[PDB]
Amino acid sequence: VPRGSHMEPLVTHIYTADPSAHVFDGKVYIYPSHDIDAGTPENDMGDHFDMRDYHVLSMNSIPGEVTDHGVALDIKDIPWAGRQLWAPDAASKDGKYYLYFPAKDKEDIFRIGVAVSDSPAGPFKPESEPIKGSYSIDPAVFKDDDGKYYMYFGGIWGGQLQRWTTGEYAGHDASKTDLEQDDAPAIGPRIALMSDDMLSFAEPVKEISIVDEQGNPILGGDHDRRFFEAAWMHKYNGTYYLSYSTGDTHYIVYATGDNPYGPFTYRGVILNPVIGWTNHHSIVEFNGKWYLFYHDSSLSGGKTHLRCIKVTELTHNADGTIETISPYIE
């Protein structure tokens, strides 16, 4: 049956989260997390998010029938990964498809790996080791108009980004949150140009600067605006849009810049808070319309770790601003 007409759950037979949407072969492919009711301890490091595999979803139209393509990748088959298959993304280059995924290695350190397929629907064969120089979570691999591909990544708190300031992991007794200096600039997400073969980074990883409207860095104490997780990049009318989740304040917000590396100037809210703690999205153009894919905990009766993906239309104004979406109004 067709789904996606009035902000209803796109699928109900499994729990789904963290929708990363792409247009491949004239269809929308969605690369979400597959939530399961593991019953694992709940805490601020996110041990209750104990996902173990990915299912790729696809739609030929919006609204439209959603196809579940089965298990595309299983943690038991990723040699380096021990637990927690968190939010993935995909990219397409030269007839191959690449699935990028965060997971904990055997030392309990989040890394980002790649798995390869001949189809956007998978299944995917993981590389035996994670990407060299990767760390933390939430990859978004963005193909720019010039054919260059960039990975945006990172997440604080349970995502461990705050433990990577020196190029070495600070350790399991290091900060559980951020820099713990609220008057310093907040931690920014990470970016690296991808290698030609899509399996590695082509440069040393860089940090993205996010500034306010006056050009001042967004500060660590500014939880309404500072980066938490779920970086996403899209382009509209020559402007680069960095959007992300603010975590403990539950917003998707956005900031604009003139190139992939920024700096990005904070503009406003994309999506107000949803049912459940997390908020995670993607923004994609399909048949000349822009869509915001997102999730909430509505299907599970409000359980933060059992989510369902949803979609709605997103409106850019010609001046580059985006209309804020409130999830439960229309």
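Don't overthink the numbering: it's just position in the shown sequence, from 1.
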Legend entry - 43-51 versus 290-298 - which carries the larger mean C-alpha B factor in the record: 43-51
Inset, instruction - Can you let me know which of the two, 75-83 or 167-175, has the higher average C-alpha B-factor in the entry? - result: 167-175
Inset, instruction - Would you mind finding, among 263, 32, 26, 273, the residue with the largest C-alpha temperature factor in the entry? - result: 26
Legend entry - Out of 94, 89, 248, 229, residue topping the C-alpha B-factor column of the entry: 94
Inset, instruction - Taking the chain's C-alpha temperature factors as the reference, tell me which third residue 303 falls into: lowest, middle or highest. - result: highest
Inset, instruction - Check where residue 116 lands among this chain's C-alpha B-factors and tell me if it's the lowest, middle or highest third. - result: middle
Inset, instruction - Going by the recorded CA B-factors, say which third of the chain residue 206 sits in, lowest, middle or highest. - result: middle
Inset, instruction - Would you check the entry's CA temperature factor for residue 56 and let me know if it's in the chain's lowest, middle or highest third? - result: middle
Inset, instruction - Would you mind checking where the Cα B-factor of residue 20 ranks among the modelled residues of its chain, as the lowest, middle or highest third? - result: lowest
